[PDB]
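Coordinates from run21.cif are shown below (mmCIF, C-alpha atoms).
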data_structure
#
loop_
_atom_site.group_PDB
_atom_site.id
_atom_site.type_symbol
_atom_site.label_atom_id
_atom_site.label_comp_id
_atom_site.auth_asym_id
_atom_site.auth_seq_id
_atom_site.Cartn_x
_atom_site.Cartn_y
_atom_site.Cartn_z
ATOM 1 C CA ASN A 5 188.057 200.070 95.719
ATOM 2 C CA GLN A 6 187.334 201.153 92.096
ATOM 3 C CA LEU A 7 185.627 204.400 93.172
ATOM 4 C CA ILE A 8 186.545 207.905 92.032
ATOM 5 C CA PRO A 9 187.236 210.369 94.875
ATOM 6 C CA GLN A 10 184.642 213.098 95.215
ATOM 7 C CA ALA A 11 186.878 216.106 94.590
ATOM 8 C CA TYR A 12 190.456 217.170 93.766
ATOM 9 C CA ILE A 13 189.987 218.241 90.121
ATOM 10 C CA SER A 14 189.682 221.930 89.239
ATOM 11 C CA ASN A 15 190.339 222.069 85.495
ATOM 12 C CA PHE A 16 188.966 225.559 84.954
ATOM 13 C CA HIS A 17 191.924 227.721 83.893
ATOM 14 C CA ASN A 18 192.728 225.515 80.899
ATOM 15 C CA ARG A 19 189.186 226.037 79.618
ATOM 16 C CA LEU A 20 189.735 229.745 80.222
ATOM 17 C CA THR A 21 192.768 229.480 77.915
ATOM 18 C CA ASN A 22 191.399 226.805 75.574
ATOM 19 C CA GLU A 23 190.843 229.198 72.583
ATOM 20 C CA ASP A 24 187.906 227.018 71.422
ATOM 21 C CA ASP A 25 185.556 227.814 74.298
ATOM 22 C CA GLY A 26 184.238 231.336 73.854
ATOM 23 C CA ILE A 27 185.076 232.608 77.346
ATOM 24 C CA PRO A 28 185.758 236.385 77.387
ATOM 25 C CA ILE A 29 187.732 236.284 80.660
ATOM 26 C CA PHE A 30 191.194 235.594 79.206
ATOM 27 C CA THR A 31 192.790 236.258 75.839
ATOM 28 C CA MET A 32 196.254 234.681 76.138
ATOM 29 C CA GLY A 148 176.191 209.493 69.211
ATOM 30 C CA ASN A 149 176.838 213.092 68.165
ATOM 31 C CA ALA A 150 176.587 214.619 71.646
ATOM 32 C CA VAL A 151 179.570 216.197 73.362
ATOM 33 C CA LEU A 152 178.689 215.466 77.016
ATOM 34 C CA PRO A 153 176.887 212.347 78.382
ATOM 35 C CA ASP A 154 174.234 214.187 80.359
ATOM 36 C CA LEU A 155 171.423 212.423 78.481
ATOM 37 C CA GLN A 156 173.112 209.123 77.533
ATOM 38 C CA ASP A 157 173.720 206.197 79.857
ATOM 39 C CA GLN A 158 177.066 204.403 79.813
ATOM 40 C CA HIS A 159 175.967 201.017 81.269
ATOM 41 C CA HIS A 160 177.751 201.674 84.580
ATOM 42 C CA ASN A 161 181.359 201.689 83.430
ATOM 43 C CA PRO A 162 183.076 205.024 84.180
ATOM 44 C CA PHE A 163 185.668 204.198 81.487
ATOM 45 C CA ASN A 164 183.005 204.913 78.841
ATOM 46 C CA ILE A 165 183.123 208.603 79.790
ATOM 47 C CA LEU A 166 186.686 208.649 78.455
ATOM 48 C CA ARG A 167 185.308 208.400 74.909
ATOM 49 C CA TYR A 168 184.029 211.979 75.060
ATOM 50 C CA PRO A 169 186.672 214.424 73.829
ATOM 51 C CA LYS A 170 186.055 217.175 76.389
ATOM 52 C CA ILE A 171 186.233 214.785 79.354
ATOM 53 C CA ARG A 172 189.588 213.098 78.949
ATOM 54 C CA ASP A 173 190.638 216.745 78.578
ATOM 55 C CA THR A 174 189.661 217.265 82.220
ATOM 56 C CA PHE A 175 191.401 214.114 83.460
ATOM 57 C CA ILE A 176 194.630 214.586 81.490
ATOM 58 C CA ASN A 177 195.012 218.360 81.871
ATOM 59 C CA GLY A 178 193.514 218.548 85.364
ATOM 60 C CA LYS A 179 195.193 219.435 88.644
ATOM 61 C CA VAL A 180 194.494 219.049 92.374
ATOM 62 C CA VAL A 181 193.035 221.990 94.299
ATOM 63 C CA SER A 182 192.699 222.787 98.016
ATOM 64 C CA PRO A 183 189.393 224.301 99.174
ATOM 65 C CA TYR A 184 189.314 227.956 100.121
ATOM 66 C CA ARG A 185 187.771 228.526 103.529
ATOM 67 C CA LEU A 186 185.890 231.424 105.063
ATOM 68 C CA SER A 198 171.094 246.629 106.448
ATOM 69 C CA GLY A 199 167.538 247.375 105.370
ATOM 70 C CA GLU A 200 167.715 248.050 101.633
ATOM 71 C CA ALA A 201 170.196 246.790 99.055
ATOM 72 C CA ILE A 202 171.802 249.239 96.620
ATOM 73 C CA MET A 203 173.079 247.605 93.430
ATOM 74 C CA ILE A 204 176.130 249.069 91.673
ATOM 75 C CA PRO A 205 177.647 247.583 88.486
ATOM 76 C CA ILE A 206 181.430 247.209 88.486
ATOM 77 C CA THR A 207 183.541 246.800 85.358
ATOM 78 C CA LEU A 208 186.980 245.202 85.402
ATOM 79 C CA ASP A 209 189.567 245.742 82.653
ATOM 80 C CA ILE A 210 193.190 244.875 83.492
ATOM 81 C CA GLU A 211 195.973 243.851 81.144
ATOM 82 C CA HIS A 212 198.546 241.590 82.787
ATOM 83 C CA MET A 213 201.386 239.741 80.985
ATOM 84 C CA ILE B 741 208.419 161.588 95.614
ATOM 85 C CA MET B 742 208.035 164.758 93.571
ATOM 86 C CA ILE B 743 204.942 166.134 91.855
ATOM 87 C CA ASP B 744 206.107 169.110 89.773
ATOM 88 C CA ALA B 745 208.003 167.278 87.014
ATOM 89 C CA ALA B 746 207.315 168.478 83.475
ATOM 90 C CA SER B 747 206.278 165.156 81.831
ATOM 91 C CA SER B 748 205.519 166.736 78.448
ATOM 92 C CA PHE B 749 207.972 167.760 75.775
ATOM 93 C CA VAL B 750 207.996 169.538 72.413
ATOM 94 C CA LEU B 751 210.551 169.024 69.608
ATOM 95 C CA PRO B 752 211.730 172.226 67.859
ATOM 96 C CA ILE B 753 211.185 171.126 64.233
ATOM 97 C CA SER B 754 207.796 172.208 62.903
ATOM 98 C CA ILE B 755 206.553 168.960 61.357
ATOM 99 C CA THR B 756 202.964 170.292 61.302
ATOM 100 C CA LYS B 757 202.054 169.072 57.820
ATOM 101 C CA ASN B 758 200.293 165.708 58.267
ATOM 102 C CA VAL B 759 199.441 166.240 61.932
ATOM 103 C CA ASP B 760 195.877 167.411 62.440
ATOM 104 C CA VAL B 761 194.723 164.162 64.079
ATOM 105 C CA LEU B 762 197.038 164.137 67.137
ATOM 106 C CA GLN B 763 196.882 166.371 70.233
ATOM 107 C CA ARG B 764 198.383 169.766 69.413
ATOM 108 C CA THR B 765 199.360 172.492 71.925
ATOM 109 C CA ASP B 766 198.064 175.637 70.194
ATOM 110 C CA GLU B 788 203.275 171.990 67.708
ATOM 111 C CA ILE B 789 202.938 168.379 68.886
ATOM 112 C CA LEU B 790 202.863 167.347 72.542
ATOM 113 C CA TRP B 791 205.200 164.452 73.383
ATOM 114 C CA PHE B 792 204.597 162.876 76.789
ATOM 115 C CA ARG B 793 206.882 160.803 79.018
ATOM 116 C CA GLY B 794 204.683 157.695 78.976
ATOM 117 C CA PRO B 795 202.033 156.107 76.751
ATOM 118 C CA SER B 796 198.278 156.490 76.923
ATOM 119 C CA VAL B 797 195.796 154.212 78.709
ATOM 120 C CA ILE B 798 192.863 152.768 76.755
ATOM 121 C CA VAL B 799 189.855 151.997 78.952
ATOM 122 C CA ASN B 800 187.108 149.922 77.318
ATOM 123 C CA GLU B 801 184.076 150.886 79.406
ATOM 124 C CA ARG B 802 183.984 153.275 82.325
ATOM 125 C CA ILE B 803 181.062 151.861 84.352
ATOM 126 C CA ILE B 804 181.445 148.413 85.914
ATOM 127 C CA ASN B 805 178.382 146.144 85.998
ATOM 128 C CA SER B 806 178.574 144.969 89.593
ATOM 129 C CA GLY B 807 176.155 142.026 89.635
ATOM 130 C CA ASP B 808 176.039 139.637 86.628
ATOM 131 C CA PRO B 809 177.420 136.158 87.623
ATOM 132 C CA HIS B 810 180.017 136.468 84.879
ATOM 133 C CA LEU B 811 181.564 138.861 87.425
ATOM 134 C CA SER B 812 179.895 138.269 90.809
ATOM 135 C CA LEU B 813 180.688 134.488 90.888
ATOM 136 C CA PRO B 814 178.040 132.962 93.213
ATOM 137 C CA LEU B 815 179.004 129.923 95.303
ATOM 138 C CA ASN B 816 176.396 127.558 93.824
ATOM 139 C CA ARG B 817 176.463 125.086 90.921
ATOM 140 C CA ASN B 855 185.089 124.236 82.878
ATOM 141 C CA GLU B 856 182.650 126.160 80.679
ATOM 142 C CA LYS B 857 183.226 128.884 78.096
ATOM 143 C CA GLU B 858 180.915 131.578 76.725
ATOM 144 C CA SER B 859 181.576 133.974 73.835
ATOM 145 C CA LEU B 860 179.498 136.963 74.849
ATOM 146 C CA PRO B 861 178.627 139.597 72.220
ATOM 147 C CA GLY B 862 181.031 142.508 72.644
ATOM 148 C CA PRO B 863 182.030 144.306 75.831
ATOM 149 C CA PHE B 864 178.641 146.073 75.875
ATOM 150 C CA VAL B 865 177.118 143.451 78.190
ATOM 151 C CA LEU B 866 179.333 144.768 81.014
ATOM 152 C CA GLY B 867 178.515 148.450 80.684
ATOM 153 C CA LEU B 868 174.919 149.417 81.640
ATOM 154 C CA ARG B 869 173.490 150.434 78.377
ATOM 155 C CA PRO B 870 169.905 151.750 78.289
ATOM 156 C CA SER B 871 167.304 150.074 76.139
ATOM 157 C CA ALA B 872 166.018 151.823 73.037
ATOM 158 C CA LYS B 873 162.338 151.957 74.008
ATOM 159 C CA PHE B 874 163.159 154.351 76.858
ATOM 160 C CA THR B 875 165.236 156.514 74.533
ATOM 161 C CA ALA B 876 162.367 156.708 72.047
ATOM 162 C CA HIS B 877 159.986 157.467 74.931
ATOM 163 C CA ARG B 878 162.260 160.294 76.071
ATOM 164 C CA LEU B 879 162.632 161.662 72.537
ATOM 165 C CA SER B 880 158.833 161.605 72.323
ATOM 166 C CA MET B 881 158.772 163.535 75.608
ATOM 167 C CA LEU B 882 161.243 165.987 74.023
ATOM 168 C CA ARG B 883 158.566 167.447 71.722
ATOM 169 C CA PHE C 29 217.761 163.007 65.212
ATOM 170 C CA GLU C 30 219.090 161.272 68.324
ATOM 171 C CA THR C 31 220.857 164.508 69.438
ATOM 172 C CA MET C 32 217.702 166.610 69.741
ATOM 173 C CA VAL C 33 217.107 167.374 73.470
ATOM 174 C CA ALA C 34 213.452 168.267 73.982
ATOM 175 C CA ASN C 35 211.921 171.295 75.672
ATOM 176 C CA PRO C 36 210.150 170.764 79.011
ATOM 177 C CA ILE C 37 206.841 172.549 79.473
ATOM 178 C CA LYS C 38 206.774 173.743 83.080
ATOM 179 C CA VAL C 39 203.393 174.239 84.723
ATOM 180 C CA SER C 40 204.336 176.580 87.649
ATOM 181 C CA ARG C 41 201.556 175.527 90.085
ATOM 182 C CA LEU C 42 200.271 179.018 90.942
ATOM 183 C CA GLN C 43 199.581 179.585 87.239
ATOM 184 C CA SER C 44 197.593 176.342 87.007
ATOM 185 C CA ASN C 45 195.136 177.154 89.814
ATOM 186 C CA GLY C 46 193.418 180.504 89.629
ATOM 187 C CA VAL C 47 194.836 183.114 87.240
ATOM 188 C CA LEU C 48 192.286 185.785 86.301
ATOM 189 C CA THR C 49 191.719 187.137 82.798
ATOM 190 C CA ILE C 58 195.307 198.497 86.168
ATOM 191 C CA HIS C 59 193.717 201.432 84.343
ATOM 192 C CA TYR C 60 190.345 199.809 83.564
ATOM 193 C CA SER C 61 189.244 200.432 87.155
ATOM 194 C CA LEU C 62 189.024 204.209 86.782
ATOM 195 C CA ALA C 63 190.603 205.553 89.941
ATOM 196 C CA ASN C 64 194.252 206.007 88.865
ATOM 197 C CA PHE C 65 195.382 208.768 86.533
#

Just give me the structure of the file as structure tokens.
Amino acid sequence: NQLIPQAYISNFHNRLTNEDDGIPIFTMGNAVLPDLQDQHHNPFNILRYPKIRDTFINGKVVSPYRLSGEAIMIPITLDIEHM
Amino acid sequence: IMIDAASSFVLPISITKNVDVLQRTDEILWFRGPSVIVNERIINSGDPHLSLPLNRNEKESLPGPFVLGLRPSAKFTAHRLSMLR
Amino acid sequence: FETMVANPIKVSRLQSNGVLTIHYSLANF
């Protein structure tokens, strides 16, 4: 028991529409993330960081999507308004 | 013969003014029988006061109950406190 | 004072033996 499953959280669209994160895709201690600070082997400690209970509370469950001699590179722009 | 009787009771009136010396719950616990006072826990199993040998009306006022209770002598306790430090 | 029926303290044997002292095992949101 007491182990987190390895997947099933894909909280990406809420950070696309967070309005604090400067992502230009959509329009409509003192550290922030514990990637240098140990937590003495309780996962519950990671719930003190304000951007990480954001990904457990506002998360969802996703299902995994399943699937020449010289390259020619072409840049492609994408500009679509939608709702 | 049952086992799971309550055998302790508490009265509702808070009389907790002069009671800091009794056994409190944390009120006052009131049991269904008295206590039992035991003088000394360890019996002294030899000692012809108690063993009664079969060889050879007399009274003897022994000092205290401490004869019948295996007390250590003080020279060992001082030796062990010297061995302490 | 002689009409003051006392309150039994029940022990409830399974409470007396081994009671320990759930979100704090982080696997259940």

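Minimum atom-to-atom distance to residue 29 in chain A, evaluated using only C-alpha atoms, belongs to A:17 out of A:17, A:162, A:169, A:184.
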
(request) Step by step, work through what the PyMOL selection byres ((chain B and resi 746-757) around 8) selects in the shown file, and finish by giving those residues as a PyMOL selection string. (result) (chain B and resi 744-745+758-760+788-793) or (chain C and resi 32-39)

(request) Find, counting only C-alpha atoms, the residue in A:15, A:21, A:149, A:161 that gets nearest to chain C. (result) A:161

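Those residues returned by the PyMOL selection byres ((chain A and resi 166) around 12) for this file are residues 151, 152, 153, 158, 161, 162, 163, 164, 165, 167, 168, 169, 170, 171, 172, 173, 174, 175 and 176 of chain A; 59, 60, 62 and 65 of chain C.
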
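Here the PyMOL selection byres ((chain A and resi 213) around 9) captures the residues residues 32, 211 and 212 of chain A.
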